[PDB]
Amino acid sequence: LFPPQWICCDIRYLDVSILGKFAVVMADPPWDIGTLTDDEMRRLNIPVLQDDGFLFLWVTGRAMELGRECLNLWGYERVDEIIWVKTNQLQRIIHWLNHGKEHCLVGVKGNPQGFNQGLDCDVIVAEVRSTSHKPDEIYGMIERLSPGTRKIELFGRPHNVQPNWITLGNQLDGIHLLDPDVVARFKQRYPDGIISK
């Protein structure tokens, strides 16, 4: 069901098997550089989310390495790395070096078929709009890569909800599900609507 969907939850505890399988997973996690420990990040049930598709994983600092560990642990091979060059409204760039960019690892799992590889390039030039916000350009790159398929974002905020996407995160407002398969499986697993332990 194409329009935006979301679930306010603790991603550590949600049973994500009710959500089905996705062509694209994206995450902008609170790496421990309110955060998740390295073990909690390793233990996220990413493997159930896909059979064949791509993972987009934002990383900074020591998560450049830990994110690679997680990606591999979860069953992905890193096959690309997007960099977002941060600019102001006039397109100028904002410990050893000043940082002008943020990194998004791109992982592949299985053997995806029917994706449109090579339409976009691996450099995003876009405005730092609000602090903690990634650029909205990534949604269009992902949509051209895999049009109309179901996608899931982890640790998203209200601004992140998008058609074709299910968004998970604890700053979202309630639960808004429209896909009948997902609605059914959510009701059976969570008949009282509460998501614990």
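Rigid core: the largest C-alpha set superposing within 1.5 Å between the two forms. Numbering starts at 1 and runs along the sequence shown.
Requested in this report: Name the stretch, 51-59 or 125-133, whose C-alpha atoms sit farther from the shown form on average in 6 other deposited structures of this protein, taking the rigid core as the superposition reference.
Outcome: It is 125-133 whose C-alphas lie farther from the shown form in 6 other deposited structures of this protein.
Requested in this report: Pick one of none, 1 to 3, 4 to 9 or 10 or more for the number of deposited-sequence residues not modelled between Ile33 and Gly34.
Outcome: According to the record, 4 to 9 deposited residues lack coordinates from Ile33 to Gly34.
Query - Where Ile94 meets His95 in the shown sequence, the number of deposited residues left unmodelled - result: Per the deposited record, the segment joining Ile94 and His95 lacks coordinates for 4 to 9 residues.
Report task. Determine, for stretches 82-90 and 100-108, which one has the higher mean CA B-factor as deposited. Result -> According to the entry, 82-90 carries the higher average C-alpha B-factor.
Query raised in the report: Should the higher mean CA B-factor in the entry be assigned to 124-132 or to 149-157?
Result: Mean B over CA atoms: larger for 124-132.
Query raised in the report: When the modelled residues of the chain are sorted by Cα temperature factor, does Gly118 land in the lowest, middle or highest third?
Result: For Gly118, the deposited C-alpha B-factor lands in the middle third.
Query raised in the report: When the modelled residues of the chain are sorted by Cα temperature factor, does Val183 land in the lowest, middle or highest third?
Result: Highest third.
Query raised in the report: By the record's CA B-factor, is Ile11 among the lowest, middle or highest third of residues in the chain?
Result: Within its chain, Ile11 is a middle-third residue by C-alpha B-factor, going by the deposited values.
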